[PDB]
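Report on the following structure.
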Amino acid sequence: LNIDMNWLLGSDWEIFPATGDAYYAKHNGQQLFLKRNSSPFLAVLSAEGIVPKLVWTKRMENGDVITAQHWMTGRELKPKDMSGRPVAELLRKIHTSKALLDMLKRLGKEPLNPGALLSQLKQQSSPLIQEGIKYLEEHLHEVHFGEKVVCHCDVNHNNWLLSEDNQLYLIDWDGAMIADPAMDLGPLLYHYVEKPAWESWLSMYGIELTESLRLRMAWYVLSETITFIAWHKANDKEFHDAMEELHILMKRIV
Ligand SMILES: Nc1ncnc2c1ncn2[C@@H]1O[C@H](COP(=O)(O)OP(=O)(O)NP(=O)(O)O)[C@@H](O)[C@H]1O
């Protein structure tokens, strides 16, 4: 059976799908990671060293942007790995990159405000859910922050890559939003770092564990958990497991 993949280059290259439009490509000992219609964001991710660096780009006759990247050799990070200095430093580099911020803006991205976000929580809802949305409305007064930055928004450990060359990368940048840094820092510390270590983690990151941070973080991790159960209402398997994860999260925040 033919594989619908003849937009290409060189017949001496193995090509097969590998998230998104991801195909690998092999010839001699050179592997590439190829993507169809990637965002102009990718150029800045490569220049900043966040993802494996670009190798070439070709604009198709239709106008498809085909990009080749170094194919990284290594492994995903395990949850045990998420407390290392390198994870905190790379996340700090994303959160302070004015060049990444500049691209997202040029691409027409809304600064993401907890106001409009809490409104989007339209869920249909168990009793624990009702008390959850209470906590979010009765703390909106304290979840403000003026300096919005690039956030990746799915900082799950499987999106972190580690190379045999001692390079660390963070990938999958479709949910990139302009938002409060807490929107990433919260889910990361809550899920993978024991709270006696939070202040030392944030010191590697380069941020003091202030009291607006404790509230902002708890707000968005709770907000994240509720918007995830919401999603499984369209499925019915991980919906009954998220609730148990929300139950524990609720206990930690009074
Ligand atoms: N430039 C890249 N962008 C995104 N993901 C990449 C990139 N390069 C590699 N990957 C991912 O990294 C993994 C490939 O690393 P690799 O070490 O070859 O895989 P492995 O399963 O750990 N070992 P192997 O089974 O022998 O191929 C896959 O998850 C790829 O999707």
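Residue numbers run from 1 in the order of the sequence given. In each ligand, atom 1 is the first atom listed, and ligand 1 is the first ligand listed. Values reported hereafter were calculated over all heavy atoms of this structure, with side chains retained and with hydrogens, waters and symmetry mates removed.
In this structure, the side chains of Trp219 and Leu140 come closer than 4.5 Å at one or more pairs of heavy atoms. Considering only heavy atoms from C-beta on, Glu199 stays 4.5 Å or farther from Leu202 through its side chain. Residues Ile226 and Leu136 have side chains in contact (heavy-atom distance under 4.5 Å, counting atoms from C-beta outward).
The distance from ligand 1 to the heavy atoms of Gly74 drops below 4.0 Å at these ligand atoms: 16 (P), 17 (O), 22 (O). Heavy-atom proximity to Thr73, at under 4.0 Å, picks out these atoms of ligand 1: 17 (O). Ligand 1 places these atoms under 4.0 Å from at least one heavy atom of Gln69: 1 (N).
Nearest-residue assignment for atom 12 (O) of ligand 1 (options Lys53, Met72, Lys35; heavy-atom criterion): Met72.
In this structure, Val51 does not count as a contact residue of ligand 1, since none of its heavy atoms falls inside 4.0 Å of the ligand.
Atom 5 (N) of ligand 1 is approached by the protein to below 4.0 angstrom, counting heavy atoms only. Inside a 4.0 Å radius of atom 26 (O) of ligand 1 there is not any protein heavy atom. Within a 4.0 Å radius of atom 18 (O) of ligand 1, the protein has at least one heavy atom. Protein heavy atoms are absent from the space less than 4.0 angstrom from atom 23 (N) of ligand 1.
In the displayed structure, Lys58 atom NZ is contacted under 6.0 Å by more than 12 heavy atoms of other residues, nucleotides or ligands. Applying the 6.0 Å contact sphere to NZ of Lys109 captures more than 12 heavy atoms from other residues, nucleotides or ligands. Taking a 6.0 Å sphere around CD of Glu89, one finds it holds more than 12 heavy atoms contributed by other residues, nucleotides or ligands. Atom CD of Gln130 sits in a crowded spot, with more than 12 heavy atoms from other residues, nucleotides or ligands closer than 6.0 Å. Counting heavy atoms of neighbouring residues, nucleotides and ligands inside a 6.0 Å radius, atom CD of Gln124 does not exceed 12 of them.
Here the side chain of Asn62 pairs no donor or acceptor atom with the backbone of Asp64 at under 3.5 angstrom.
For atom 7 (C) of ligand 1, the nearest non-hydrogen atom of the protein is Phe33 CD1, 3.4 Å. If you check which protein heavy atom lies closest to atom 11 (C) of ligand 1, you get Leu161 CD1, 4.2 Å. The protein non-hydrogen atom at the shortest distance from atom 1 (N) of ligand 1 is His70 O, 3.2 Å.
At a 4.0 Å heavy-atom cut-off, ligand 1 does not touch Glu76 at all. Counting heavy atoms under 4.0 Å from ligand 1, residue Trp71 touches it through both backbone and side chain. Residue contacts with ligand 1 for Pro52 involve side-chain atoms from C-beta outward but no N, CA, C or O (heavy atoms, distance under 4.0 Å).
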Show me, pair by pair, the donor-acceptor contacts under 3.5 angstrom made by side chains of residues 1-30, not counting sequence neighbours?
{"unit_1": "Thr19", "atom_1": "OG1", "unit_2": "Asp172", "atom_2": "OD2", "d": "2.6"}
{"unit_1": "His27", "atom_1": "ND1", "unit_2": "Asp12", "atom_2": "O", "d": "2.8"}

